[PDB]
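work-v3.tsv, holding TSV, C-alpha atoms:
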```tsv
chain	number	residue	atom	x	y	z
A	1	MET	CA	63.63	44.62	-3.00
A	2	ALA	CA	62.32	41.05	-2.97
A	3	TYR	CA	59.71	39.32	-0.80
A	4	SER	CA	62.43	38.63	1.77
A	5	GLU	CA	61.09	35.73	3.83
A	6	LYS	CA	61.91	37.12	7.27
A	7	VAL	CA	59.14	39.44	8.45
A	8	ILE	CA	57.07	39.55	11.64
A	9	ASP	CA	59.61	38.66	14.31
A	10	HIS	CA	59.04	38.23	18.05
A	11	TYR	CA	61.33	37.28	20.93
A	12	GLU	CA	59.02	35.34	23.24
A	13	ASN	CA	56.52	38.19	22.91
A	14	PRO	CA	58.56	41.08	24.36
A	15	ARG	CA	57.23	44.38	25.70
A	16	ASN	CA	58.46	47.18	23.44
A	17	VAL	CA	62.12	46.35	24.09
A	18	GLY	CA	64.48	49.07	22.90
A	19	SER	CA	61.89	51.83	22.82
A	20	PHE	CA	61.05	54.89	24.93
A	21	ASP	CA	57.29	54.54	24.46
A	22	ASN	CA	56.32	56.86	21.61
A	23	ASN	CA	58.17	60.11	20.93
A	24	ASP	CA	59.14	62.74	23.50
A	25	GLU	CA	58.88	65.89	21.37
A	26	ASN	CA	62.66	65.63	21.04
A	27	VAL	CA	63.44	62.06	19.98
A	28	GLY	CA	65.19	61.21	16.73
A	29	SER	CA	64.84	57.94	14.83
A	30	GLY	CA	67.33	56.51	12.35
A	31	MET	CA	66.52	53.62	10.04
A	32	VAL	CA	68.80	52.38	7.26
A	33	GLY	CA	69.00	49.28	5.07
A	34	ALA	CA	70.41	47.74	1.90
A	35	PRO	CA	69.25	45.41	-0.90
A	36	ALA	CA	72.35	43.22	-0.98
A	37	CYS	CA	72.86	43.63	2.76
A	38	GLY	CA	69.41	42.29	3.55
A	39	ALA	CA	69.16	44.01	6.92
A	40	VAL	CA	67.97	47.12	8.77
A	41	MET	CA	69.62	49.31	11.41
A	42	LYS	CA	67.13	50.91	13.80
A	43	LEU	CA	68.35	52.99	16.74
A	44	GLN	CA	66.67	55.43	19.12
A	45	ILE	CA	67.99	58.64	20.68
A	46	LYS	CA	67.01	61.38	23.13
A	47	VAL	CA	68.09	65.01	22.85
A	48	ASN	CA	67.45	67.84	25.31
A	49	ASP	CA	66.99	71.60	24.89
A	50	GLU	CA	70.74	72.25	24.85
A	51	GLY	CA	71.13	69.74	22.03
A	52	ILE	CA	73.09	66.91	23.63
A	53	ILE	CA	72.34	63.19	23.59
A	54	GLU	CA	71.25	62.07	27.06
A	55	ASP	CA	69.59	58.78	26.11
A	56	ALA	CA	70.22	56.19	23.40
A	57	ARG	CA	68.08	53.15	22.56
A	58	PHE	CA	68.19	50.40	19.94
A	59	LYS	CA	65.83	47.80	18.47
A	60	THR	CA	66.55	44.43	16.87
A	61	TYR	CA	65.61	43.74	13.25
A	62	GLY	CA	67.26	41.17	11.00
A	63	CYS	CA	68.31	37.53	10.86
A	64	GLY	CA	71.86	37.20	12.15
A	65	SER	CA	74.23	37.21	15.12
A	66	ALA	CA	74.30	40.00	17.71
A	67	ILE	CA	75.32	43.13	15.82
A	68	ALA	CA	78.04	44.98	17.73
A	69	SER	CA	78.20	47.81	15.20
A	70	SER	CA	74.87	48.97	16.63
A	71	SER	CA	75.62	48.43	20.32
A	72	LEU	CA	78.86	50.35	19.77
A	73	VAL	CA	77.40	53.37	17.98
A	74	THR	CA	74.74	53.53	20.68
A	75	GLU	CA	77.11	53.67	23.65
A	76	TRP	CA	79.06	56.30	21.71
A	77	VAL	CA	76.13	58.63	20.99
A	78	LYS	CA	75.05	58.29	24.62
A	79	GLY	CA	76.28	61.62	25.96
A	80	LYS	CA	77.43	63.07	22.64
A	81	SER	CA	76.19	66.15	20.79
A	82	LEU	CA	74.36	66.21	17.46
A	83	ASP	CA	77.42	67.27	15.46
A	84	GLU	CA	79.73	64.91	17.34
A	85	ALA	CA	77.64	61.82	16.59
A	86	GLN	CA	77.05	63.00	13.02
A	87	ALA	CA	80.81	63.46	12.75
A	88	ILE	CA	81.51	59.80	13.50
A	89	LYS	CA	83.07	57.94	10.57
A	90	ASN	CA	82.39	54.32	9.62
A	91	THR	CA	86.17	53.87	9.66
A	92	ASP	CA	86.03	54.20	13.45
A	93	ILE	CA	83.23	51.64	13.72
A	94	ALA	CA	85.06	49.31	11.33
A	95	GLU	CA	88.31	49.15	13.29
A	96	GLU	CA	86.38	49.35	16.56
A	97	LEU	CA	85.04	45.81	16.19
A	98	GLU	CA	87.17	44.84	13.19
A	99	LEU	CA	84.25	43.77	11.00
A	100	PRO	CA	84.80	40.87	8.56
A	101	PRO	CA	85.84	41.45	4.92
A	102	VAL	CA	82.58	39.77	3.89
A	103	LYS	CA	80.48	42.95	3.93
A	104	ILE	CA	82.43	45.86	5.41
A	105	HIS	CA	79.41	47.94	4.39
A	106	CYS	CA	77.84	46.61	7.58
A	107	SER	CA	80.00	49.18	9.37
A	108	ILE	CA	78.91	52.11	7.21
A	109	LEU	CA	75.29	51.48	8.16
A	110	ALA	CA	76.20	51.76	11.84
A	111	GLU	CA	77.37	55.36	11.50
A	112	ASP	CA	74.72	56.10	8.87
A	113	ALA	CA	71.89	54.83	11.08
A	114	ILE	CA	72.80	57.03	14.06
A	115	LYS	CA	72.89	60.08	11.79
A	116	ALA	CA	69.41	59.32	10.46
A	117	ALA	CA	68.19	59.95	14.01
A	118	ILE	CA	69.98	63.29	14.41
A	119	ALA	CA	68.39	64.53	11.18
A	120	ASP	CA	64.98	63.35	12.38
A	121	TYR	CA	65.18	65.29	15.65
A	122	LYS	CA	65.90	68.65	14.02
A	123	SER	CA	62.84	67.96	11.87
A	124	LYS	CA	60.69	67.59	14.98
A	125	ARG	CA	61.42	71.17	16.02
A	126	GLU	CA	61.65	72.53	12.47
A	127	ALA	CA	57.91	72.09	11.92
A	128	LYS	CA	55.66	73.02	14.84
```
Is it possible to express this structure as structure tokens?
Amino acid sequence: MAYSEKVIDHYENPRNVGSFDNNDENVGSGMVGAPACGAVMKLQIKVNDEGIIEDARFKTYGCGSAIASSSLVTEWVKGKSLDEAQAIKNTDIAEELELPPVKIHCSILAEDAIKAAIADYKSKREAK
């Protein structure tokens, strides 16, 4: 973990783009990153009483081209259950957009980021 000269980003001074304004007593957050990858995958989700994903958000964070691995995992979780989304395998996200051989790991973070949110939701109702 180095200084990483790429902090404090702003797109023309947005207005909380990719967020549902604070939590909703049932929102899970998933954040993942890597040292050699030099990036972070942040995605939002919304689960109901039943336990199914009804809403899925995503925020930008990292210097690079538009990441499809995130926009793909988001549209997939949108309407999927907790187990279903957590069942997703990077292999599916890899062949989905056919990521480059440069850092295939970029695909593993896509499925790993979404899961981080599912595990965060259960923690919101586990302690209350």
Which residue out of A:128, A:105, A:46, A:6 has the minimum interatomic distance to residue 29 of chain A when only C-alpha atoms are used?
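So, comparing all the options, the nearest one is A:46.
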Quick one: of A:114, A:17, A:37, A:31, who's nearest to residue 1 of chain A, counting all atoms listed in the file?
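The shortest atom-to-atom distance to residue 1 of chain A comes from A:37.
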Point out the residue among A:111, A:49, A:98, A:92 with the least atom-to-atom distance to residue 74 of chain A, counting all atoms listed in the file.
A:111
Restricting the calculation to all atoms listed in the file: of A:47, A:113, A:118, A:127, which residue gets closest to residue 59 of chain A?
A:113
In Å, how far is it from atom CA of residue 40 of chain A to atom CA of residue 65 of chain A?
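For atom CA of residue 40 of chain A relative to atom CA of residue 65 of chain A, the distance reads 13.3 Å.
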Please determine, counting all atoms listed in the file, which residue among A:82, A:7, A:102, A:108 has the shortest atom-to-atom distance to residue 51 of chain A.
A:82
Can you work out which one of A:119, A:87, A:109, A:73 has the shortest atom-to-atom distance to residue 38 of chain A, counting only C-alpha atoms?
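Among the listed residues, A:109 lies closest to residue 38 of chain A.
Here atom CA of residue 126 of chain A and atom CA of residue 50 of chain A stand 15.4 Å from one another.
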Provide the atom CA of residue 77 of chain A to atom CA of residue 106 of chain A distance in Å, to one decimal place.
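Those two atoms sit 18.1 Å apart.
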Adding 8 Å on each side of the box along x, y and z that holds all listed atoms of segment 62-80 of chain A, could you give its centre and edge lengths in Å to one decimal, as JSON?
```
{"center_x": 73.2, "center_y": 50.1, "center_z": 18.4, "size_x": 27.8, "size_y": 41.9, "size_z": 31.1}
```
Reconstruct N, CA, C and O atoms of segment 88-106 of chain A from the incomplete input and present them as a short mmCIF file (atom, residue, chain, number, x, y, z; two decimals), in the coordinates of the input.
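Everything below was put into result_21.cif:
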```
data_model
loop_
_atom_site.label_atom_id
_atom_site.label_comp_id
_atom_site.auth_asym_id
_atom_site.auth_seq_id
_atom_site.Cartn_x
_atom_site.Cartn_y
_atom_site.Cartn_z
N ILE A 88 80.96 61.14 13.46
CA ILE A 88 81.51 59.80 13.50
C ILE A 88 81.67 59.23 12.10
O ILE A 88 80.81 59.41 11.24
N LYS A 89 82.79 58.54 11.87
CA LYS A 89 83.07 57.94 10.57
C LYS A 89 83.06 56.42 10.66
O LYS A 89 83.57 55.84 11.62
N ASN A 90 82.47 55.77 9.66
CA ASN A 90 82.39 54.32 9.62
C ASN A 90 83.75 53.69 9.92
O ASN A 90 83.85 52.64 10.55
N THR A 91 84.81 54.35 9.45
CA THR A 91 86.17 53.87 9.66
C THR A 91 86.42 53.56 11.13
O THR A 91 87.10 52.59 11.47
N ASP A 92 85.87 54.39 12.01
CA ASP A 92 86.03 54.20 13.45
C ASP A 92 85.25 52.98 13.93
O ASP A 92 85.71 52.25 14.81
N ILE A 93 84.07 52.77 13.35
CA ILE A 93 83.23 51.64 13.72
C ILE A 93 83.75 50.34 13.11
O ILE A 93 83.49 49.25 13.62
N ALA A 94 84.50 50.47 12.01
CA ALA A 94 85.06 49.31 11.33
C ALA A 94 86.22 48.72 12.12
O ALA A 94 86.29 47.51 12.34
N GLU A 95 87.15 49.59 12.53
CA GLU A 95 88.31 49.15 13.29
C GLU A 95 87.95 48.92 14.75
O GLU A 95 88.67 48.23 15.48
N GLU A 96 86.83 49.49 15.18
CA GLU A 96 86.38 49.35 16.56
C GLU A 96 86.10 47.88 16.89
O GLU A 96 86.53 47.37 17.92
N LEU A 97 85.37 47.21 16.00
CA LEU A 97 85.04 45.81 16.19
C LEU A 97 85.71 44.93 15.14
O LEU A 97 85.56 43.71 15.14
N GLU A 98 86.47 45.57 14.25
CA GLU A 98 87.17 44.84 13.19
C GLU A 98 86.22 43.93 12.43
O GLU A 98 86.37 42.71 12.44
N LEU A 99 85.23 44.53 11.77
CA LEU A 99 84.25 43.77 11.00
C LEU A 99 84.94 42.90 9.95
O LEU A 99 86.04 43.20 9.48
N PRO A 100 84.27 41.80 9.56
CA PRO A 100 84.80 40.87 8.56
C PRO A 100 84.81 41.48 7.16
O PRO A 100 84.03 42.38 6.84
N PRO A 101 85.71 40.97 6.30
CA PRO A 101 85.84 41.45 4.92
C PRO A 101 84.64 41.06 4.06
O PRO A 101 84.52 41.50 2.91
N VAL A 102 83.77 40.22 4.61
CA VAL A 102 82.58 39.77 3.89
C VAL A 102 81.77 40.96 3.37
O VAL A 102 81.59 41.13 2.17
N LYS A 103 81.28 41.78 4.29
CA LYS A 103 80.48 42.95 3.93
C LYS A 103 80.82 44.13 4.83
O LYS A 103 80.03 44.50 5.71
N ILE A 104 81.99 44.72 4.62
CA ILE A 104 82.43 45.86 5.41
C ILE A 104 81.35 46.93 5.47
O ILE A 104 81.29 47.72 6.42
N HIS A 105 80.50 46.97 4.45
CA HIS A 105 79.41 47.94 4.39
C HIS A 105 78.58 47.91 5.66
O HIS A 105 77.93 48.90 6.02
N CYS A 106 78.60 46.77 6.35
CA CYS A 106 77.84 46.61 7.58
C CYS A 106 78.28 47.63 8.63
O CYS A 106 77.55 47.91 9.58
#
```
